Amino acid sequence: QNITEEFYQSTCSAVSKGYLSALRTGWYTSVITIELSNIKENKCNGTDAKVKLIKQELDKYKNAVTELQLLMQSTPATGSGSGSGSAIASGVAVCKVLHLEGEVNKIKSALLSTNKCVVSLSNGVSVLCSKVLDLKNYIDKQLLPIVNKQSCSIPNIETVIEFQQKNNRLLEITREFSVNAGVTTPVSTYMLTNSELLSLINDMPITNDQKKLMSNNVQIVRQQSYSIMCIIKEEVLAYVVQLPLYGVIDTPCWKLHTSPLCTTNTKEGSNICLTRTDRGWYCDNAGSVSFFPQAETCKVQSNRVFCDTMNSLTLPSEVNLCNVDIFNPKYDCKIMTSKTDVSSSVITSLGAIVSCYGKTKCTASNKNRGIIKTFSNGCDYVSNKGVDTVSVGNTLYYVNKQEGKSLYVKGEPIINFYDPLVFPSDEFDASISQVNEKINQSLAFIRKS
């Protein structure tokens, strides 16, 4: 809708509100097939140049099949990482079924007459099939009358050119699979062309507005998809495409921006610092909040946030209280402490946080007008209305030029409520109460003395 933003001067943080959710919760598994020819590399006596080229491209086909055969032996399972298990388990389950006797025949037969079908496998999963390239019919009808005789028939050059074209796709598929150990992501247009992907989106048992969502964001849908190599058996090459399912849609999302907040004394080493933790994306999800701590797991498209729940934490909705009253007791807001007063900026959705310390030169400029604000020591913020760049020391940053309203929530920097002599100044993952507890402990060790 209408993007908005709040900067909290008291904690050197900012929240961008107004975004709408799209969280991956499930997976559609589709089977993609290429019908192959069982040729025997039949050789006949021929030195005709058009015969050589047909043999040369038939060898590239033979090798492609044989490399895919040595690659399906080695169980494709290297799309797992970071303790979350395998993203691909849904599809690896389908590959296991395909290796069952008569299951390839079952797709062979549904794809006897048509390109699309809905096959139910003997494990109860109703997969969408698709034949995307027919090399069995091509090689068997155009190329065997050419090599299956005592002396070779001579082909026309259009056949030579059309075979190179048709075989190309099989080769690029093999190429990708052999440098990725059977699993790819993103899913390339060789794995699945824009037309085939859009048909597959159109053909799924899902709601029309969610078909619209995927069609309008196909690049993001690709980036969140996998292609898994299954099996080459009985004149069929089969691989599984795993497409994202968005079980959470149109819940509010917001992004937390954080920057270090220090004191501004003139003596170096007399200064204390604190910074809010768990910067990142927060989406309302099923009564709680899904939190996405890694910067890259969320792709943003206008006002929609596409995230994978696989690398997220689930928090109580009280976590939002850290943005309105960082001292409330409902939620133990987490902070980091240091004495590292080094200047820096964070480009937010509608502006920029600037943490300026020491002798660093900190400004915000307009392209035509030059400098229009100078930041003082401390943590400060500027809206993107009328600003194009911000500079901190020798680095220049470009402010985002999105339309929206910022709100500067004034407040005392909470670093000023702390006595520097009893401040726990090297805390890596503490909390507001956990710092007040060590202060109250260290106020007792000075109480007796």
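When you see a residue number, it is the position in the sequence shown, counting from 1.
Colleague: Which wins on mean Cα temperature factor, 375-383 or 71-79?
Modeller: The stretch with the larger average C-alpha B-factor is 71-79.
Colleague: Pick between 167-175 and 99-107: the one whose mean CA B-factor in the entry is higher.
Modeller: Comparing averages over the C-alpha atoms only gives 99-107.
Colleague: Considering only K43, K60, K410, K401, which residue's Cα atom bears the greatest B-factor as recorded?
Modeller: Of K43, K60, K410, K401, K43 has the highest C-alpha B-factor.
Colleague: When you compare the CA B-factors of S425, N440, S13, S431 as listed in the entry, which one comes out on top?
Modeller: Largest recorded C-alpha B-factor: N440.
Colleague: Ordered by C-alpha B-factor within the chain, which third holds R369? Give me lowest, middle or highest, please.
Modeller: For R369, whose C-alpha B-factor we compare with every modelled residue in the chain, the answer is the middle third.
Colleague: Taking the chain's C-alpha temperature factors as the reference, tell me which third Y138 falls into: lowest, middle or highest.
Modeller: Highest third of the chain for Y138's C-alpha B-factor.
Colleague: Report the third (lowest, middle or highest) to which the CA temperature factor of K359 belongs, ranking only the modelled residues of the same chain.
Modeller: Tercile = lowest for this residue's CA B-factor.
Colleague: Splitting the chain's C-alpha B-factors into thirds, which one does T266 fall into?
Modeller: For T266, the deposited C-alpha B-factor lands in the highest third.
Colleague: Sort the modelled residues of this chain by their C-alpha B factor and say whether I39 lands in the lowest, middle or highest third.
Modeller: It belongs to the highest third of the chain when residues are ordered by C-alpha B-factor.
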